[PDB]
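One chain comes next, on its own, written out as C-alpha cells in the form solved without the partner chain.
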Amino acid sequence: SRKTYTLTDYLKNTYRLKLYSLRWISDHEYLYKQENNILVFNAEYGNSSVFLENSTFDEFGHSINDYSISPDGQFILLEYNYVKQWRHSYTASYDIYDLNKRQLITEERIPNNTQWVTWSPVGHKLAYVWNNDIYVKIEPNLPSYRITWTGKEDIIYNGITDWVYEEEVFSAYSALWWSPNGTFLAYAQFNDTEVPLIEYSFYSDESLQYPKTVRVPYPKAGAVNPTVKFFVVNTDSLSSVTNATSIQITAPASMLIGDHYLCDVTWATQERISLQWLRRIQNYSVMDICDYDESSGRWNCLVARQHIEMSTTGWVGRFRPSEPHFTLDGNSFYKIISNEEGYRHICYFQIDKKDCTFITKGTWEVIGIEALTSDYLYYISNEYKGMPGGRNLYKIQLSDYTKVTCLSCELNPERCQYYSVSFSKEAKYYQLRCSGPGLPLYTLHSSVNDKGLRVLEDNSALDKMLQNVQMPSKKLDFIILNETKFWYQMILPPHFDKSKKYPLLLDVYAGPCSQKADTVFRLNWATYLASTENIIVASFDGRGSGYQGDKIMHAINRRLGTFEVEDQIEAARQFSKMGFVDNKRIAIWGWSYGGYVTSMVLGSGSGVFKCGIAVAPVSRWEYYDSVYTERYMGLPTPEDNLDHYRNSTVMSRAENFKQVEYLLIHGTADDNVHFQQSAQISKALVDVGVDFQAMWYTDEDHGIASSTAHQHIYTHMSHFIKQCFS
C-alpha cells in the first residue's frame, strides 16, 4: 500500500512541517516575516498590511539574512555577510535603513566585522560590539560612543561572552543588557588571559595550501576559568569629549572568596537590577538586588536584600539558576526553584523576605514561567495526565492560588499534548504552539477570556500529503524499576504486529536533565528506519533524566557514566524480553552525550547489543569544558572527584569492544566536543587490538550540519545499521 518514508525523503526534506514564526511588536500587533516581504498583523481581527516590500532592497548589492526593526518602527537593521561562529555567535556586516526618509543611512555606519548588535528596548538606540569593545549610538546616523577600551582578541571580552560563557552559562552570545527604557546599559567583561587554548586544524577549501590552526580559549575540567566583571553605564549622560563612566557592581562577598560565575541579569525596574551569581562549585548561588543611588552615581546592593539558593543533593537549577520574574513595582518576584521534595515549582518572593512561598505544588514540574501580569502568572508544566513528556499552558490567579486554569489541555487532547507559547507585550494575546503527538498546530488567543481567536497554521497540506505514505506510529509508555517508573517511547513500523519480531535500535542521549521520551511529533532518521526499514527506534529516560524531580535528575550527581548508562542497558534488556523485539538484533546509537553513553554501553560487556554508532562523543570528562562538567562532576582533583573522572572514561572499556560492531564518527572542527575525544578512543581500541569502523568529517563541527556532510553521515550510518540488522 502506497510507499514509505525513505532516507531520501528525510535527507531531501520532501515532507516539510509548516511553521508560524511571529514577533510581537506591541500588545496588539506582531510581525510575520513572510518569504519575499514582511507583514504586520492585527491580533484582534487578523487583518494585515505589508511593512516593507521584498524588492525594497533589490539593488542593495548583498543578500540579507535578517531584518531587525527597532521598537520605534522607524529603522531597520539589515544583516548581511553572515559568517557563523559557535552555537549562537557569529560575525556580520550591518546597515540601517531609515524608514522616515526611506533611505539607507550612509554616515557613521556600523563597522564591518561587528560581533553583536542590539537595539534599546524602546527607542532607536544602538549598542554593538566591535573588536571586543562596546559602542553606543544614540541616533542611528550620529557618531558612536566608545563605551569601552580594554577589548583584546581572545583575551578580554566586553559586551560578549567567551566560548564557555556562550555555550554553558548564558546559552547566548550577548553579554549586555539595556534597562527597560534605555537609560542604562548593563554589561559584563570576561578576562580569559589565563584560560588554556584548544587548538585544532581547519583545512578549508582545497585551494588553501597550508592548513590553518584554530585556537580558542576553552577551559577544560579543572582548568583556569575566565574571570568576570559587571558594569552599568548611563547612556543619556555621555558627551563625546569625555569617555563614558561605567560603574562596577561587584561581589557578593560569599562569591568573591573563590572562583564564580555571573549567571543571570534582570532589570526589576528602571533603577533596580538583579544579578544571580554561582560558585565554581555550582552548589551555592546568590542573587543580588541592586538599586541606583540618584545623588551618588553608584549602585548599592543591600545585603539582607539578597537571596541564597543552594542544593544539598546536586547542582543549582536544571542547567543554571532560574530566571526571576519581577512584579510591576519590582518589590517582589517569581522564579522556579526546587521543592523540599525535589520538584520544581514557582516560588513567590519579597525582595526583603529571606523566604518565599510556593504557589504551585505536586509531583510534576513547572517547565517555565511564560508571562506575568498584575492579574495572573502564565506558565508551562507537565502536570496534565501526570505524563512528564507532555507540556501544557497554565495560568494561576495571583489573588487565589486555588484558581489555576489549564489553557491548552482541552483544545485538542488527541492531537495536542505538547505546547510552547508566545505572549504579546502586555499579554493581551498569546499564540499557542502545539508540536505533537499529531502535526504541529498554531493558534491565536486573547487572554481576557481565553477566547480562541483563529487558526494560524494547521499543517493541513502536510497532513493530506502524509496520508499517502505508510507512516510509522509512536508509543509513549513506561516501565517500572524497583519502585520508580521511567518513561520510554517507541517509533513503530507501519502496520506494527505484536506477533512479529523486529530488530530494535536504542536511540539515546540521556544527559543530566534530558528527555528522549515525549509527545512531540518528528520527521527524522528514526522515521525512515521504522517506515522503510521496519526497525523499532526506542528511547528511554532513566536516572539523570529530567522534569521528574531531583530524585531522578540528581541521581547521577558526581557520578556521570554510571546509572544513566546502566538504566539504558536495563531498558533495552526489558525491551528484548517483550515479544516483538528480535533480541539477536538490538543496536544502539547516540550523538554528543548520547555518543558517550552509547560508547560506555557498548563497552559495558552486557552482550545485549550487537552493534552501535557514536557520533561526536565525550570520551573522558577531563576533556570537556569546566562549566558543564564540574556541575555534575565537581573538580578532577584527588581531594574531590578525580577517581570517578578516571573511572568513567570510554577508553578504559576498550577491551570489551571486542564483542561488538562499533562505528565511531566525529567532525574534525568540533569546537564543542574536541576531535581529541574520539581520537583517544580510536587509539585505545588500536592498543587493545579491537577492530572497528571509523569516519571523520573534515572541517565539520559538533552539528556536522553542513548540507553535504549531513546527507553523507546519515547515508553511511544507514548502511552500517542495516548491514548489522540484515
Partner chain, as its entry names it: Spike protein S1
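Think of the rigid core as the biggest set of C-alphas that the two forms share within 1.5 Å after superposition. Residues that one form lacks are left out of the comparison. Residue numbers count along the first chain shown, from 1.
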Checklist line | Comparing 216-224 with 425-433, the one whose average Cα B-factor in the PDB entry is higher | finding: 425-433
Checklist line | Given 172-180 and 351-359, the range whose Cα B-factors average higher in the PDB entry | finding: 351-359
Next item on the list: Between 697, 675, 45, 662, let me know which has the highest C-alpha B-factor in the entry?
Entry: 45
Next item on the list: Using the entry's values, work out which of 387, 160, 308, 491 has the largest Cα B factor.
Entry: 308
Item checked: Among modelled residues of the same chain, the CA temperature factor third for residue 551 -> middle
Notebook entry, point to check: In terms of the CA temperature factor given in the entry, to which third of its chain does residue 628 belong: lowest, middle or highest?
Noted result: lowest
Checklist line | B-factor third for the C-alpha atom of residue 566 within its chain | finding: middle
Item checked: CA B-factor ranking of residue 520, expressed as a third of its chain -> lowest
Checklist line | Where the record places residue 496 (Cα B-factor, split into thirds across the chain) | finding: highest
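Absent from the display: the form deposited with the partner chain bound. The rest refers to it.
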Note to self: Looking at 362, 386, 143, 297 here, can you tell me which has any non-hydrogen atom within 4.5 angstroms of the partner chain in the deposited complex?
What the structure shows: 297
Next item on the list: Quick one: from 104, 455, 480, 253, grab the residue that has a heavy atom within 4.5 Å of the partner chain in the deposited complex.
Entry: 253
Margin query: Against the partner chain in the deposited complex, would residue 306 count as a contact residue? Criterion: heavy atoms within 4.5 Å.
Written below: yes
Margin query: Taking the partner chain as it sits in the deposited complex, is residue 279 in contact with it (heavy atom to heavy atom, 4.5 Å or less)?
Written below: yes
Note to self: Is residue 486 part of the interface with the partner chain in the deposited complex - any heavy atom within 4.5 Å?
What the structure shows: no
Next item on the list: Indicate whether the partner chain has at least one heavy atom within 4.5 Å of a heavy atom of residue 357 in the deposited complex.
Entry: no
Next item on the list: Pick the stretch from 440-448, 227-235, 265-273, 133-141 whose residues have a heavy atom within 4.5 Å of the partner chain in the deposited complex.
Entry: 227-235
Check: Where does the chain move between the shown form and the other one, taking runs of at least 3 residues whose CA atoms all shift 2 Å or more after fitting the core?
Finding: 33-35
